[PDB]
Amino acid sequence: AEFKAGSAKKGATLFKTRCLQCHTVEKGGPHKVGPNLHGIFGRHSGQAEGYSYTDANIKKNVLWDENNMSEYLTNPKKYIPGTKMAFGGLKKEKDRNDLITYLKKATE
C-alpha cells in the first residue's frame, strides 16, 4: 500500500519508456511537453521554474512525496482533475515503487 524502495535500474528503464517523452530530470534540463522534474520532491506542485502549469495543477498544491507521487502516477487525471498531463498511469505497484526510487535520486 505504502511506498517501498525498489530497483532504480528498472525505474530508469520505466522513465525512458513512460516519462522521458514529456520530461527531463537534470538541473537546468529543458522543459518538453511537461516540466523538468529536478527538485520535485519536497516541493509544492506547479513550481518548476520556466514552465506554465494549468490551474488544476497549481490549485492542487500538493507537497510532493513518494506516497502521493505513487497515488498521482496510478491515475494522474483522477488525482488532479483538469490536468493536461496526457498519461493514463502506472497501474502496477512494483513499477511505481521502482520508478519513484529512480526519480528520488535522479531529481536530487
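All residue numbers are counted from 1 along the displayed sequence.
Participant: Comparing against every modelled residue in the chain, figure out the third that the C-alpha B-factor of residue 61 lands in (lowest, middle or highest).
Facilitator: Its C-alpha B-factor belongs to the middle third of this chain's values.
Participant: Would you please rank residue 54 by its C-alpha temperature factor against the other modelled residues of its chain and give the third it falls in: lowest, middle or highest?
Facilitator: As the PDB entry reports it, the C-alpha B-factor of residue 54 lands in the lowest third of its chain.
Participant: When the modelled residues of the chain are sorted by Cα temperature factor, does residue 23 land in the lowest, middle or highest third?
Facilitator: It falls in the bottom third of the chain.
Participant: Please place residue 76 in the lowest, middle or highest third of its chain according to the CA B-factor in the PDB entry.
Facilitator: Highest third of the chain for residue 76's C-alpha B-factor.
Participant: If you rank every modelled residue in this chain by C-alpha B factor, which third holds residue 67: lowest, middle or highest?
Facilitator: Ranked within chain, residue 67 CA B lands in the highest tercile.
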